[PDB]
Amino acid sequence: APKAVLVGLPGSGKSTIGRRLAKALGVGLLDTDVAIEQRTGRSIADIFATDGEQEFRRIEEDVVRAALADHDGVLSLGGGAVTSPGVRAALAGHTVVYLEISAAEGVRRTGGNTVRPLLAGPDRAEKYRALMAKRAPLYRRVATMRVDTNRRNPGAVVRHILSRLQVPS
């Protein structure tokens, strides 16, 4: 039972915030993207490219379930995990922190040479806004807490999370 589950588009800060957040709570960080790659011995890009997204979502869903059952620290889901309904159902009852980012900032923060099957040029920004439109509702439905990561330098993001995790709502 993770202390917290982080959800958000790529660029929202799931590894930046999830590392600072897991240290602060004195527990480990688990990223389901890396967990997929450790389970399968394959890169994320190879699974998309070779087996298709539908088969990727199935490994993901099973990895997420396994992490929700097993992990006691901070768990960050890959950006599209929430599109699988059985991920959304497994998330019920958990502490879910939606990292909210704008398009322009998400795009800016994701502009390096990381391989992203669903977020490649040209028109990468237009893709990101399609991902947002599609997924923002899904993140809102599963989240038990929403945090703007736009301006906030990370340590302030984390501080906000901690004090919100401690008090009732």
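Just count from 1 along the sequence shown to find any residue number. Here, rigid core means the biggest group of C-alpha atoms that superpose within 1.5 Å across both forms.
Engineer: After a core fit, does 99 to 107 or 56 to 64 show the bigger CA gap to the shown form in 8 other deposited structures of this protein?
Structural biologist: After the core superposition, the stretch with higher RMS deviation in 8 other deposited structures of this protein is 99 to 107.
Engineer: Once everything is fitted on the core, do the CA positions of 123 to 131 or those of 27 to 35 lie farther from the shown form in 8 other deposited structures of this protein?
Structural biologist: Clearly, after the core fit, the stretch farther away in 8 other deposited structures of this protein is 123 to 131.
Engineer: Among the other compared PDB entries, is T114 dropped in a third or more?
Structural biologist: Affirmative; at least a third of those entries omit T114.
Engineer: Could you check which stretch, 139 to 147 or 54 to 62, carries the larger mean CA temperature factor in the entry?
Structural biologist: Per the PDB entry, the higher value belongs to 139 to 147.
Engineer: For the higher mean C-alpha B factor in the entry, choose 91 to 99 or 68 to 76.
Structural biologist: Higher of the two, by average CA B-factor, is 68 to 76.
Engineer: Looking at the C-alpha B-factor of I36, is it in the lowest, middle or highest third of its chain?
Structural biologist: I36: CA B-factor falls in the middle third of its chain.
Engineer: Taking the C-alpha B-factors as the PDB entry records them, is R42 in the lowest, middle or highest third of its chain?
Structural biologist: Its C-alpha B-factor, which the entry lists for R42, ranks in the lowest third among residues of this chain.
Engineer: What third of the chain does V7 rank in for C-alpha temperature factor, lowest, middle or highest?
Structural biologist: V7: CA B-factor falls in the lowest third of its chain.
Engineer: Where does the C-alpha B-factor of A120 rank in its chain, lowest, middle or highest third?
Structural biologist: Tercile = middle for this residue's CA B-factor.
Engineer: Within this chain's modelled residues, let me know which third the CA B factor of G111 belongs to: lowest, middle or highest.
Structural biologist: According to the entry, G111 has a C-alpha B-factor in the chain's middle third.
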